[PDB]
Amino acid sequence: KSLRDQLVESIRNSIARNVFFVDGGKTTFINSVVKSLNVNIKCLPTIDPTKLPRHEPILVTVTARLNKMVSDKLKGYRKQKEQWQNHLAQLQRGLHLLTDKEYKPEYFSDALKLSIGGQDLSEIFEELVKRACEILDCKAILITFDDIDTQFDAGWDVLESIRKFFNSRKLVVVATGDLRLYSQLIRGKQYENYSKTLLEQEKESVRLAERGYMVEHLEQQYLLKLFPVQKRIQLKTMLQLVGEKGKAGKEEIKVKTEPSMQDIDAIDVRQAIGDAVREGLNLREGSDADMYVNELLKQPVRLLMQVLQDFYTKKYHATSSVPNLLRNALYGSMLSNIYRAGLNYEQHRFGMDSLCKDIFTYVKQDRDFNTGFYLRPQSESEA
Amino acid sequence: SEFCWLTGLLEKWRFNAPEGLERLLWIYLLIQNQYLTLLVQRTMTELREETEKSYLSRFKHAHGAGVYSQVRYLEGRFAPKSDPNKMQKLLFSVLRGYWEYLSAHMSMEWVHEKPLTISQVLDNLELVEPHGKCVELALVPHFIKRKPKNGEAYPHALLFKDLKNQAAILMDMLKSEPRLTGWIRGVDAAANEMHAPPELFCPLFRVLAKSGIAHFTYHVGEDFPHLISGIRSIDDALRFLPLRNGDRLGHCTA
Ligand SMILES: [Zn+2]
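Residue numbers (the entry's author numbering), protein chains in the order written: chain R, 35 to 50, 69 to 76, 81 to 94, 102 to 140, 147 to 183, 190 to 395, 412 to 474; chain D, 268 to 309, 322 to 533.
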């Protein structure tokens with residue numbers, strides 16, 4: 035909202069690397089941002112890297128969307150068309166470079182045809204964007220890429236698409252995700268550059284150490300260039316968007332709890348959470364319950380929205412126990428969390444027998460051993 | 268080379284010859300003759328014709344010894360290959376030979392002086408115009424009909440598999456480069472007739488036409504069991520093949 039607006043302003047005063073990034081929901085925010093831009104810059108349909116066959120280059124995908132946009136802006140109302154197919158064919162012909170698992174020599178004389192020397196696909200792409208903005212009468216093109224949480228590996232590829240092809244001043248990148256995975260993947264295939272025999276032989280702490288230093292420094296430096304900090308976006312969180320304990324509350328959220336909910340029955344968001352917990356927790360309205368719900372307002376918006384949408388849903392269903416309607420919701424919310432916790436899974440074996448053993452397991456895993464039975468969500472792990 | 272060599276040899280033997288060398292010459296010439304007879308009365324050797332040397336030779340022969348081409352309109356008939364790659368290799372060979380032939384007679388801005396892809400070749404060629412000094416090429420793929428095999432769903436099913444394969448290859452090149460249609464003008468179905476009757480090809484010819492193949496040709500009347508049989512073949516071809524005005528059949532010896 036406000037965040038997307040500042041971001042819009044930031045990219046706008048950028049045409050005057070060239071890659072804004074959004075930490076982190082994420083997709084909703086990015087879609088809203090793109091709607092915002094609809102100082103002439105033309106946007107691209109959002110790029111979902113995880114939603115692409117294992118064999119495409121980000122560049123081919125970009126070329127496809129660009130093809131559509133150019134062609135239809137062209138069928139709207147020539148020689149510009151005629152000029153475009155030349156670049157298109159040049160791209161097709163030089164396209165092999167990326168795919169080819171081996172160099173075929175015939176590509177040599179191919180490279181011998183005719190402004191840097193060779194068949195630079197990146198320069199070809201730059202004339203491509205030149206033609207595109209020349210024809211669309213736009214200052215630049217936005218390339219909008221989705222997070223790669225579902226496939227953090229394909230993202231690397233977009234990174235090289237950027238580095239090798241998007242070092243142009245009429246293109247701007249909008250990346251989204253967690254830079255931690257970026258770091259890992261870039262590191263992972265940094266390590267892949269070494270020679271297998273090398274590490275196979277030098278398996279000693281000393282040399283392990285300095286190569287780790289080298290790889291980590293290179294990862295850091297390369298992330299610096301690819302994602303220069305200035306244009307990165309931190310984004311405001313839901314609890315950051317909500318009063319910590321009531322001494323805040325820029326832009327009250329308010330949520331719907333009943334089907335009627337004629338915009339005046341909205342029971343805040345913090346207050347709805349507190350009711351759900353206290354009554355499902357039989358928790359009183361004291362300080363710990365508050366902080367309990369603060370350690371709830373962290374959770375990712377999807378998880379919290381599901382867990383608080385199945386809460387009142389089933390309460391209304393039963394009303395035409413709060414703790415069990417809420418317990419069933421927590422079960423779905425943390426199931427794989429609880430599943431990897433190694434704790435009771437079957438629902439037909441609830442009892443109070445399994446509860447004591449499971450509490451023992453939780454306290455041992457949280458270490459503690461002093462107030463673990465308090466079951467405070469104070470652990471470092473979100474699991 | 269052979270011309271010059273034999274000329275010199277004969278000159279040296281103008282008055283006489285060593286009988287041994289002369290026996291060598293009989294045997295040489297005879298071997299030539301019988302090998303040649305075998306050849307005429309008749322794959323890899325043809326594949327060896329897949330360079331822009333044989334076709335350039337063909338074109339230089341087609342053109343006379345004079346400045347103007349002895350022939351006007353040439354038909355370039357070629358065997359289709361089941362591989363897209365072999366197909367395109369052959370096509371590029373033919374096209375480059377033709378372009379070089381034309382260049383050897385006309386001077387003009389060739390865009391790609393040393394073309395390397397069929398696209399570049401057509402880029403060169405489209406600048407050519409029909410003055411008539413050189414030959415005008417028209418290209419046609421052969422369809423070879425083989426005897427039906429022992430077991431299959433229906434007669435000539437496998438042969439039809441192969442032919443549809445070749446045809447798909449062809450239409451897909453046409454798609455990729457529509458400009459060739461100015462050059463691949465018609466498709467012909469040749470070879471010994473009894474191995475397959477024409478109707479096997481009517482859908483093939485129809486789909487090819489819709490692909491954009493103007494013209495169609497089919498050998499007929501050449502060889503047959505009975506003269507009536509050949510006549511029947513020819514007429515059925517007439518009444519079945521998607522042949523339009525001006526199309527041409529072939530031998531029709533019946
Ligand atoms: Zn014939």
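Even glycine gets a Cβ: it sits at the ideal position worked out from N, Cα and C.
Helix, strand or coil for residue i? Go by DSSP, reduced to three states.
i	result
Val352(R)	helix
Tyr391(R)	helix
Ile199(R)	helix
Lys105(R)	strand
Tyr433(D)	coil
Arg286(R)	helix
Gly355(D)	strand
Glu415(D)	strand
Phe464(R)	helix
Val71(R)	strand
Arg117(R)	coil
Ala493(D)	coil
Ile110(R)	strand
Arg511(D)	helix
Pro420(D)	strand
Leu406(D)	coil
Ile223(R)	coil
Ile191(R)	coil
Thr124(R)	helix
Closer than 7 Å by beta-carbon distance: list the chain D residues that pair up with residue i, in chain order.
i	result
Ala180(R)	Under the 7 Å cutoff, chain D gives no residues; its nearest Cβ is about 11 Å from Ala180(R).
Within 10 angstroms of the Cβ of residue i, are there 16 or more other Cβ atoms? Answer buried if so, exposed if not.
i	result
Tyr380(D)	buried
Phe200(R)	buried
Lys306(R)	buried
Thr219(R)	buried
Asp135(R)	exposed
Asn461(R)	exposed
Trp462(D)	buried
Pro359(D)	buried
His292(R)	exposed
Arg345(R)	buried
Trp153(R)	buried
residue 478(R)	Any answer about residue 478(R) is impossible in this case: the structure gives chain R only from 35 up to 474.
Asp363(R)	exposed
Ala50(R)	exposed
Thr225(R)	exposed
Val304(R)	exposed
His342(D)	buried
Name the chain D residues that come within less than 9 Å of residue i, Cβ to Cβ?
i	result
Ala158(R)	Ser398
Report the neighbours of residue i on chain R: residues whose CB is nearer than 9 Å to its CB, in chain order.
i	result
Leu395(D)	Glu175, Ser178, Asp179, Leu181, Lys182
Is any non-hydrogen atom of ligand 2 found closer than 7 Å to the C-beta of residue i, if you look at the structure I gave you?
i	result
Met323(D)	In terms of ligand content, the structure shown lacks ligand 2 and carries ligand 1 instead.
Does the stretch 392 to 403 of chain D come within contact of the stretch 430 to 450 of chain D, defined as at least 3 CB pairs closer than 8 Å? no
As a quick check of your reading: which residues have a C-beta less than 6 Å from at least one non-hydrogen atom of ligand 1, in chain order? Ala469(D), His498(D), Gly529(D), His530(D)
With a cut-off of 8 Å, do at least 3 Cβ pairs link the stretch 507 to 520 of chain D to the stretch 462 to 480 of chain D? yes
Three or more beta-carbon pairs under 8 Å between the stretch 269 to 288 of chain R and the stretch 328 to 348 of chain R, yes or no? no
Could you check whether the stretch 374 to 394 of chain R touches the stretch 452 to 463 of chain R, counting it as contact only if at least three pairs of C-beta atoms, one from each stretch, sit closer than 8 Å? no
Would you be able to state if there are at least three C-beta pairs under 8 Å between the stretch 202 to 217 of chain R and the stretch 416 to 430 of chain D? no
Per the contact definition of three or more C-beta pairs closer than 8 Å, is the stretch 322 to 341 of chain D in contact with the stretch 364 to 373 of chain D? yes
Any contact of the stretch 111 to 119 of chain R with the stretch 338 to 348 of chain R, i.e. 3+ C-beta pairs under 8 Å? no
Per the contact definition of three or more C-beta pairs closer than 8 Å, is the stretch 281 to 288 of chain R in contact with the stretch 252 to 264 of chain R? no
Validate contact between the stretch 168 to 178 of chain R and the stretch 240 to 247 of chain R using beta carbons, cut 8 Å, 3 pairs: Contact between the stretch 168 to 178 of chain R and the stretch 240 to 247 of chain R is not established, with fewer than three Cβ pairs separated by less than 8 Å.
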